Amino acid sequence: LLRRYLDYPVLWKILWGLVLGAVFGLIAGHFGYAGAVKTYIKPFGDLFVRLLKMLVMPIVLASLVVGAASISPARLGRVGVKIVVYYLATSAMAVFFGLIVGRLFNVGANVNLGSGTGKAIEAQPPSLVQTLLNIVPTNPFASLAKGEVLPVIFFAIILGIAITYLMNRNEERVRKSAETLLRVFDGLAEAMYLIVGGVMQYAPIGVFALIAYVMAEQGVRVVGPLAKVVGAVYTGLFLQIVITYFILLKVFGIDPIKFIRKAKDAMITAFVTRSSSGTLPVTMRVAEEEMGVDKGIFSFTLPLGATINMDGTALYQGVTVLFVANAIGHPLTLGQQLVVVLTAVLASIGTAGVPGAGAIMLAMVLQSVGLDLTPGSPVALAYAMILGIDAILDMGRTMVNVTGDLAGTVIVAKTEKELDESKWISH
């Protein structure tokens, strides 16, 4: 079964692993075996997750030094402004789809909890200007060691920009030393992309195991008003792809169906690992060897988008806030639901690219409409129900969190003529 596994096409092999993993997970769940999946299956998932985690800092660091030196700082800034306008725009849209979809499913209207005028609590802000200053690393080695992507993006861009100015200086010796430094990062970056390719041969096993574990643990839990939550959240995400991404893709002259075909590996590992950051190496390699995007773009947009652009998380928080407000019988007035638009965008910007991060940031969004997490209050009680299904919901939103990054990257890269069109012609 070494020849039987490797020769079968890898397009449909990661997908075979997902489907069979999900059913295997569901059968283990109704029948009560989820503990064995956690023992004898999940480690294979865990192994696959680690192999991807291992590549994030080198590949983000090296691709961005190389990419930032490959494009004038004038265009880099132009790429920054565009991707951020794409990012906030599609994120706002995601919160919009969240609320509409939630109203249509009448989420949490059968929960029937009582409540009262909320308990007055002094709101911690939490404070933004420190969040921005912390983008600037004080010790870039420590940032590498602590795995901080956003400060590393900052150092990487700075060094890459500095390297080019040096290679154009008059003194021959400065040119060769700067080139030598750039080749080291290029050699490392080319070596990282290569290793991502080898790991993706194990991905069906890891994907199978990851989905098997999640489906066995939390499948039993999608039953009641939570089933209505799960069904709403996935409906909304779909619309964010099918309307927002496709229309935006089609408007800019990218075939949406070819985009989804190329993006799938980024989408499926985003799904089972439920970490945008942990999935980043797959996303970037899709951008290079599938989408045809230049390293001078996706080396910036993708690691940045993995953190600040989450349409999936933004939409998941839209749906569930309505759940809590309906579960306690204090439905959100229309003027309240507009505040959600602003504060969900912010919360999704601020969630980490790691499993579970969005459900915690949901609390900030609840506190913004006047629903406080005071234990053991009924608002705190509804919030607990949402946490029960969180993995089931995390898979979906992590996938849309990463997909929107690719859709934006390909769209921005097209308008900059850094997209390689030979990769999109059908034959």
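Position 1 is the first residue in the sequence shown; the rest follow in order. Here, rigid core means the biggest group of C-alpha atoms that superpose within 1.5 Å across both forms.
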Output the stretch, either 115-123 or 145-153, that has more C-alpha displacement from this form in 4 other deposited structures of this protein following superposition by the rigid core. 115-123
Please indicate which stretch deviates more in 4 other deposited structures of this protein: 346-354 or 224-232, judged by C-alpha RMS distance after a core superposition? 346-354
Stretch exceeding the other in mean C-alpha B-factor - 300-308, 126-134: 126-134
Got a sec? Mean C-alpha B-factor, which is higher, 222-230 or 144-152? 222-230
Among the modelled residues of its chain, the C-alpha B-factor of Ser70 falls in the third labelled middle
Looking at the C-alpha B-factor of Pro331, is it in the lowest, middle or highest third of its chain? highest
Within this chain, which third does the Cα B-factor at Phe323 fall in: lowest, middle or highest? middle
Using the B-factor values recorded in the entry, state whether the Cα atom of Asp186 falls in the lowest, middle or highest third among the modelled residues of its chain. lowest
Relative to the other modelled residues of the same chain, rank the CA B-factor of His30 and answer lowest, middle or highest third. highest
